[PDB]
């Protein structure tokens, strides 16, 4: 759990994210909780040129290491960590289906039982605010209160979890749910959903196993 190991996992997570087709437009950024702040990807460097040394440490005060420029979206990664103490990693991307659903400004409802992976019966959509602002950070923080992933209106996705592996897995699953919702929405509106009772059973079953 030295800095270098966490740094390699961030980079591996970026590469896997691009392999999976979630990092369309080179827009993603990934962070892990570390010491009193976080390790995040830098702005301006293509994912394929990234080395351990490029990863940027940002303390709990928001001061970043000298000589390195963190992601232009670092502020809501820090909002995530302060809003969800259990989160140890954060994945953000502009994946196409998640983003199209966020353009409609809709939340994804319970069209599939795997929706319970993010914590409840839906995937919320936080209202728009300019990227990098304190206003965007407050919407994200309120949205992650009872959910581990959220859409950002006219923007993309944020997913958090106990480690990078699980955070990537969740981000990917939300992209799948987003694609299921847009494919069926074009056929019928509204789309059939599972009841709240049904989702409460699945949630208990996921706690158990």
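Residue numbers count along the first chain shown, from 1.
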Exercise. Could you check which stretch, 60-68 or 147-155, carries the larger mean CA temperature factor in the entry?
Key: 60-68
Exercise. May I ask you to compare 96-104 and 117-125 by their mean CA B factor in the entry and name the higher one?
Key: 117-125
Quiz item: When the CA B-factors of 191, 15, 194, 201 are compared as recorded in the entry, which is the largest?
Solution: 15
Quiz item: What third of its chain's C-alpha B-factors does residue 53 belong to: lowest, middle or highest?
Solution: highest
Practice problem: Grab the CA temperature factor for residue 45 from the record and place it in the lowest, middle or highest third of its chain. | Solution: highest
Quiz item: Looking at the C-alpha B-factor of residue 36, is it in the lowest, middle or highest third of its chain?
Solution: highest
Exercise. Using the B-factor values recorded in the entry, state whether the Cα atom of residue 134 falls in the lowest, middle or highest third among the modelled residues of its chain.
Key: highest
Exercise. Please place residue 178 in the lowest, middle or highest third of its chain by C-alpha B factor as given in the entry.
Key: lowest
